[PDB]
């Protein structure tokens, strides 16, 4: 297995399509009847469009569904030195403008949920009808957050190992060294990656993603407080498992109760309807671990826009 050669991809239930956005090619898949309201699905970090493979089938009964590979992931362009929230987000603006061509409901998981909120605030006018942020690391994914734990006290331990042992565009590729260091890590999420083989979704991932989160450059020019304070559409914030590790004090999960509270206050001050669904027993990737439950929450909220 050689992720650096980008020859790792496998079949999926929907055909894969590509669009030139200008700087990058973005790979995506499509499901459902084009006469239905459009939905855009943005995956979690290290997740490709097919992170949503099962939920797409359920959602396609009611919506025209697009799921995308972000730059640095899947079959989309890898762009050294270019990974930032603003480049991710403007990629998605161009996708909506060039491919979807009608208003969309956007759902994103974790960093994808950060980008869904990015679009709510910063898309072109009228591109969006509402957004679902699925377990988003508001503040918790920033190096210098306005509120609560930083990324160094949450997912950063994992990103540090990715940066060191996998490297930009898999330039190091030391899977054995990664597993050795991960098995001895204080992060339960880090220890979770130790395996004989490389998970498929991680084979498709550009680990420079991890560098820009760990080093705090990905969001340097996009502070979360200013983004959250400027959303322009309804927002559903889903909040899954979270807790504090007694051994280290680090955050477990995507964001703390305090970070969720401050994020909700910020979006409420922007003048939009903010719904909050707390599912403390769910994994962060509910759209994949509990697809029917996720689609139930999604469709309930989508119907009331």
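Numbering follows the first chain given and starts at 1.
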Stretch with higher mean Cα temperature factor, 179 to 187 vs 143 to 151, is 179 to 187
Which is higher in the entry, the mean Cα B factor of 123 to 131 or that of 107 to 115? 123 to 131
Per the entry's Cα B factor values, which of 90, 79, 73, 192 stands out as the maximum? 192
Could you look up the Cα B-factor of residue 69 in the entry and say which third of the chain it sits in: lowest, middle or highest? lowest
For the chain shown, is the CA B-factor of residue 239 in the lowest, middle or highest third of its modelled residues? middle
Third of chain Cα B-factors occupied by residue 276: middle
Select lowest, middle or highest to describe the third in which the CA B-factor of residue 43 falls within its chain in this entry. lowest
On the chain's distribution of Cα B-factors, residue 204 falls within the third called lowest
